[PDB]
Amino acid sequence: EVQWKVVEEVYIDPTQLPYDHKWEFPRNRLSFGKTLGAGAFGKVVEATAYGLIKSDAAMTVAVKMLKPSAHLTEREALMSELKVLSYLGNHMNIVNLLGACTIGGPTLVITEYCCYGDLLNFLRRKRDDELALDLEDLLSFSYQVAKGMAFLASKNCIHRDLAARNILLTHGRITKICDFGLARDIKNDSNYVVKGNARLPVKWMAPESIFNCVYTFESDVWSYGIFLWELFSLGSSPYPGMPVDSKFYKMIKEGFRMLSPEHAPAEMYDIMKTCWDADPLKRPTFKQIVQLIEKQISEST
């Protein structure tokens, strides 16, 4: 199933969205490289596309595709993902669609290549790129993820898996929102727990998504709060030493929340606390979050 939801300004069926043939690119002008990320059914591979944006210029791109082991329903879901990406349009703070190969073979989704890879591994390596990481970087990543999230919300799009492992970093320390989806081995990632029917990122999920399967723009805002916690603790897994079980669900239902990370400015922990409000209607919108971090950046400067 396609994970990203698009709501009517009622859910829009992604198969009903259009595929603009302006994105069509010939497969024989792609030269594949190393695998950047891989799951059981899909992968993201680095590639050199020849004459994609500029007429004759070669450029590094990332290709989303499936492995030969993928069934028909997955190939359809990749086409549906390409239509959502095409519908979303362009924004600085998302991993943008550059082209696609849908004729004469399997679907290949061509997007921007972000040289630093995922933010979670970037933050983890910066514990204990040659350059050091400071508070000015973390505040900028918070600001850019929020702009990217408010862009998605403006397109009536609920991401449903916002976490540091789905945020890429590129030249200039620009954070772009992504979703590895089938390009990650969730069968071997302890952040996705088995619900008996599927593997979910429970520690990033709002109470109403765990208890009622309700994913709203507000639930996404909860996940952003968990992301801020991850980011300001330099890649620490949420709720340390607390396994996802009956005890975890009880405290979450009761109103238990994580403690402020060490590197978090007080105004930033208040942002987390408001994203974690039990009542979704009392949580800030991404548009309100952007204005808050804009104020925090000017106070710093």
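Throughout, we count residues from 1 along the sequence that is shown.
Per the record, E9 and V10 are separated by 4 to 9 deposited residues that have no coordinates.
Count the deposited residues lacking coordinates between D128 and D129 and you get 10 or more of them. In this crystal structure, the stretch out of 114 to 122 and 187 to 195 whose C-alpha atoms carry the higher mean B factor is 187 to 195.
Mean CA B-factor, 134 to 142 versus 163 to 171: the higher value falls on 134 to 142. Taking the deposited Cα B-factors for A38, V244, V63, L66, the highest one is held by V244. In this PDB entry, the Cα temperature factor of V44 sits in the bottom third of its chain's modelled residues, the lowest group. Compared with the other modelled residues of the chain, the Cα B-factor recorded for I103 ranks in the middle third. Among all modelled residues in its chain, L152 ranks in the lowest third by Cα B-factor. The deposited CA B-factor of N93 belongs to the lowest third of values across its chain.
Sorting the modelled residues of the chain by their CA temperature factor places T73 in the middle third.
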